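In this analysis, Cβ positions are derived from the backbone assuming ideal geometry, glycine residues included, and neighbour counts consider all displayed protein chains. Quick note: the coordinates plus some simple rules give every number you see, no bench work behind them.
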Amino acid sequence: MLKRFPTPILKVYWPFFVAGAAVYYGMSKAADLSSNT
Amino acid sequence: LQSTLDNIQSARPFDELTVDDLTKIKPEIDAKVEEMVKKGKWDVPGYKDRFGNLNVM
Amino acid sequence: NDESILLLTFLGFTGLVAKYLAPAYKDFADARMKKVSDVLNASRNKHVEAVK
Amino acid sequence: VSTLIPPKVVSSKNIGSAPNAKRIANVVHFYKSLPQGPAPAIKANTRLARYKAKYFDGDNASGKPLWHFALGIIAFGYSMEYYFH
Amino acid sequence: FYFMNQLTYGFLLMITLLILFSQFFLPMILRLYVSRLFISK
């Protein structure tokens, strides 16, 4: 039914994780600087 | 061989066969999945040539 | 009401889907089921003939 | 000086190459399997399993469960919009 | 510019997609395909 298979978790998506960290940093820094709300 | 023919043709329907039965009968399919996942080739030759690809789009 | 016309329209597309998309998709899906069934029986036939 | 012995030498000789390779594959594939439709496991009622054995069953799986889900969603959304709008 | 429940939650959810689906669903679709292949030979 449900199979927990060992698949690449970050071996191929690691640049996507760096991009996600970058977008988190941008959202955090723009919450008061570029928000203007 | 006679027993193989007998239990091949007398029982074991295939439409209602479950994948778990195949996994418990033979575990080398799991090893094949490990080996083509680690090598990252999801299109090993001989996959849907004899089956239905049904590439709609 | 804006919310009156929307529910009626959604009922309309559900009826249209059941009228047109559901039968054609049903035939295509059943054809693919049948193809899988016959290739499974062909595999069984190959196995039993090889054993014979 | 002894003559060759084909039917006497069959211990090492198998059926070609492919047939003996697939003999092990086919002998056990038909051994440990259900005879005919054993263990249907149809009965299931755990809300999600209740849906599985009530409307989400694969025998028909038509648009009726989808329409019922949409009706429930819009029924909840009416109250949500009354609360909000 | 309020994006706490629109960006963070959606981002985490799409990590759940990228991980859980690629671990469970596409693998067992391919398992179906390779089991069909194996029984077909």
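Sparse packing (at most 15 other Cβ atoms within 10 Å of the Cβ) combined with a DSSP loop state is found for the following trypsin sites (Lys or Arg not before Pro) in region D:1-38: D:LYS8, D:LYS13, D:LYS32. Note on region D:1-25 and region A:17-31: Cα centroid distance 69 Å, given to the nearest whole angstrom.
With a threshold of 20 Å on the Cα-Cα distance, the over-threshold entries among B:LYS48/E:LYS41; B:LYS48/C:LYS35; C:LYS34/D:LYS22 are C:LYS34/D:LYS22. Within 10 Å of the Cβ of each residue in C:35-43, the mean number of Cβ atoms contributed by other protein chains is 4. Shielding value for B:7-18 is 6, the average number of Cβ atoms from other chains within 10 Å of each residue's Cβ. Summarising the overall dimensions of the protein assembly as shown from its C-alpha atoms, the Rg and Dmax are 27.2, 107 angstrom. Phi angles of region A:22-37 translate, via the Karplus equation with coefficients 6.51, -1.76, 1.60 and θ = phi - 60°, into HN-Hα couplings of 5, 6, 4, 4, x, 5, 5, 6, 8, 5, 10, 7, 9, 5, 6, 9 Hz per residue; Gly and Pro are given as x. In straight-distance terms, cross-link reach from D:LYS52 covers every one of the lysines whose alpha-carbon lies under 22 Å from its own, apart from those fewer than eight places away in the same chain; here that gives A:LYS3, C:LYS26, D:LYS43, D:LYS64. Give the angle, between 0 and 90 degrees and rounded to the nearest 10, that separates the Cα long axis of helix E:22-39 from the longest principal axis of the Cα atoms of chain E. Result, in degrees: 10.
Applying the criteria of a DSSP loop state and at most 13 other Cβ atoms within 10 Å to the chymotrypsin sites (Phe, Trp or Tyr not before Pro) of region B:18-57 yields B:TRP42.
Across peptide B:27-33, the average count of Cβ atoms from other chains found within 10 Å of a residue's Cβ is 4.
Of the peptides E:5-17, E:22-34, the ranking by mean beta-carbon count within 10 Å, highest at the top, reads E:22-34, E:5-17. What is the helix-to-structure angle for D:18-29, meaning the angle in degrees between its Cα long axis and the longest Cα principal axis of chain D, kept from 0 to 90 and rounded to the nearest 10? Tilt relative to chain D: about 50 degrees.
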